[PDB]
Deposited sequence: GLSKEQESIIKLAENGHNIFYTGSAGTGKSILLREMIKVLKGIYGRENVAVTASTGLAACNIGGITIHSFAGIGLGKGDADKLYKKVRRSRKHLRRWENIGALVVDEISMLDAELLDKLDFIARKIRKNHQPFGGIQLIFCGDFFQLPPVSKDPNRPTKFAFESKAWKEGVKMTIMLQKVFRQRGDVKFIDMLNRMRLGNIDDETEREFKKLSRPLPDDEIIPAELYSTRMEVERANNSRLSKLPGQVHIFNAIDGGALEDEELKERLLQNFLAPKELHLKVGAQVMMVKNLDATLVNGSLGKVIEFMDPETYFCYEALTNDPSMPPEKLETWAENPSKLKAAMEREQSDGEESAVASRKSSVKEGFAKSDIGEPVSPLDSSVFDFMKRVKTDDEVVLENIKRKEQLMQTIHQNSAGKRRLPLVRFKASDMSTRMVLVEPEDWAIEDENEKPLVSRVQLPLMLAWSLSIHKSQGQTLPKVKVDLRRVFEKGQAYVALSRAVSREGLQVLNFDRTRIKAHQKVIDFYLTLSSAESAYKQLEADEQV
């Protein structure tokens, strides 16, 4: 049930227009975009639509990747000319820029003008085409009353020449869906969007400091800073039943400033001390393949070594398999190894030696048995309780005594598909001019993700959420946090301060220039 307004935005995109569309939090911008992408792929070809957002989690929300990863620009810091040369040195990224017909960019408010101009420069040069983005069709989506770009001065995306020359058409949504049960809640949010909080709104938000329902549902929690988020995630993890599994990163290398090293290690995004349990909610923080990327969300199923996981995966791919195969692998692990390995640079092999000494195996420490929940896939004819496989699997797991046990994670994509991944340690490095590492880390590419920074929460729908505004420092940050909620009953707000909720005048000015959904219908009848 897309609205008339939402569908008209899809049809304008179908007709080939360069559009920016927008609307308050939870007006269905990303939900419509999911549908739009399906039809753009049929117009341009499945691989010829770049699906992108300003953050990894917001990109995963629509089945896409970071604009940075897609473009091939890294952090995109330098001169446009250097970035273009960096991109064309990557055959994957050069072909992508030559081949795509459409570029979808969600949560665009966090992309600064300098980035937009450089992306435009890169597309024009690669495609040998002086049209606004080398002629790529533009679908820009977001709300500039939400978070602005991180400025580490930055200008908004709509201030760039690339924007003003590329964006042909704008459409504004008005109906709020996320909080549709509660019209008074919507008005509180919409005035907060514009920075205009009155006494009754302040009273109503301050009422929400009461704790959330005590149900067994683990709440989402939103904070301004990573230190708050990490503290809240590790707090929740300690409350989870179960033995903790600790993954201590291996850090190097040669940079002398100890503090600078730690600051740089932070932006590898995986923590120095990763603590995990069965059932922990985790986020992938490295771009590993097409569908396992920075922002992919998952749940820890158990901890297994690769040998145990091979048998488990074989069992989950054929539950009615005769247990004879599993018994051979139990009593003859050399055949498990051969069976497993039948299916599977130089400084690369020197990173594998470092990864070999990661999460070191304790030959003395007893291997806890597999949580019984992992055999539920079988346990949905009296002979057909030949689930002797379960004890066979438990034996094979005990034979992992003195081997490293990695988290098995079920990742869930935005289209609801799932993927089982035994998550291996990864490596991050910053190197000098002779390729010696200045700063390096080996760690699982995971972090706890019940709690989110408000930045990474932007784009999420959170039906049970606690928000602590104590450390908000950006315009729109408080609004993003509170507008994640679905119902007032599923929202707790701590440290609400109306003086720290103020909108950017440039955005107020810009939004008076935008066209309505009714003008969108007029364009469509003009189109056809």
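From the N-terminus onward, what segments of the deposited sequence lack any C-alpha atom in this model?
In the chain as deposited, 153-156, 349-353, 390-395, 544-545 carry no coordinates.
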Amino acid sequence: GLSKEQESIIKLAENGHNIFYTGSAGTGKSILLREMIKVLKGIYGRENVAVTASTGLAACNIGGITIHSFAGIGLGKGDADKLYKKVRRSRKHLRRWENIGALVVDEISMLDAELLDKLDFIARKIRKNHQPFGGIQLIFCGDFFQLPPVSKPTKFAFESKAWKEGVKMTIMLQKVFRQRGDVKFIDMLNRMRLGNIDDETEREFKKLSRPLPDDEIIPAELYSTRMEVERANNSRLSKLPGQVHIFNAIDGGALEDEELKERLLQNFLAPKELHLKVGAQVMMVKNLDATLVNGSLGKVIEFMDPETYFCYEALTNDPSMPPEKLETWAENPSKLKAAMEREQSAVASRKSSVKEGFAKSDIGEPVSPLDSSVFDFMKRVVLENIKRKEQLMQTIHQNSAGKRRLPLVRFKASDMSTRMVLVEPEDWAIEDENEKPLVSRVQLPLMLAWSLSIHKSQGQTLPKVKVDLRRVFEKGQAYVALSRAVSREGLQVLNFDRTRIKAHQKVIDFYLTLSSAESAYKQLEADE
From here on, numbers count along this sequence of modelled residues.
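Do the C-alpha atoms of 133-141 or of 320-328 have the higher average B factor in the entry?
The stretch with the larger mean CA B-factor is 320-328.
Quick check on the record: does 303-311 or 276-284 carry the larger mean Cα temperature factor?
That would be 303-311.
Maximum C-alpha temperature factor, selected from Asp289, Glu356, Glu107, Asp415
Top of the list by C-alpha B-factor: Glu356.
Whose C-alpha has the highest temperature factor in the PDB entry: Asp432, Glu228, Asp112, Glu424?
Out of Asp432, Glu228, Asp112, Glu424, the record gives the largest C-alpha B-factor to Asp432.
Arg193: which third of its chain by C-alpha temperature factor?
Middle third - that is where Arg193 ends up once the chain's C-alpha B-factors are sorted.
Sorting the chain's modelled residues by C-alpha B-factor, tell me whether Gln505 ends up in the lowest, middle or highest third.
Middle third of the chain for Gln505's C-alpha B-factor.
Pull the Cα B-factor of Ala517 out of the PDB entry and bin it into the chain's lowest, middle or highest third.
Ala517: CA B-factor falls in the highest third of its chain.
Lowest, middle or highest third: which one holds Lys155 when the chain's residues are ordered by CA B-factor from the entry?
As the PDB entry reports it, the C-alpha B-factor of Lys155 lands in the highest third of its chain.
Against its chain's modelled residues, does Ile396's Cα B factor rank lowest, middle or highest third?
Its C-alpha B-factor, which the entry lists for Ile396, ranks in the highest third among residues of this chain.
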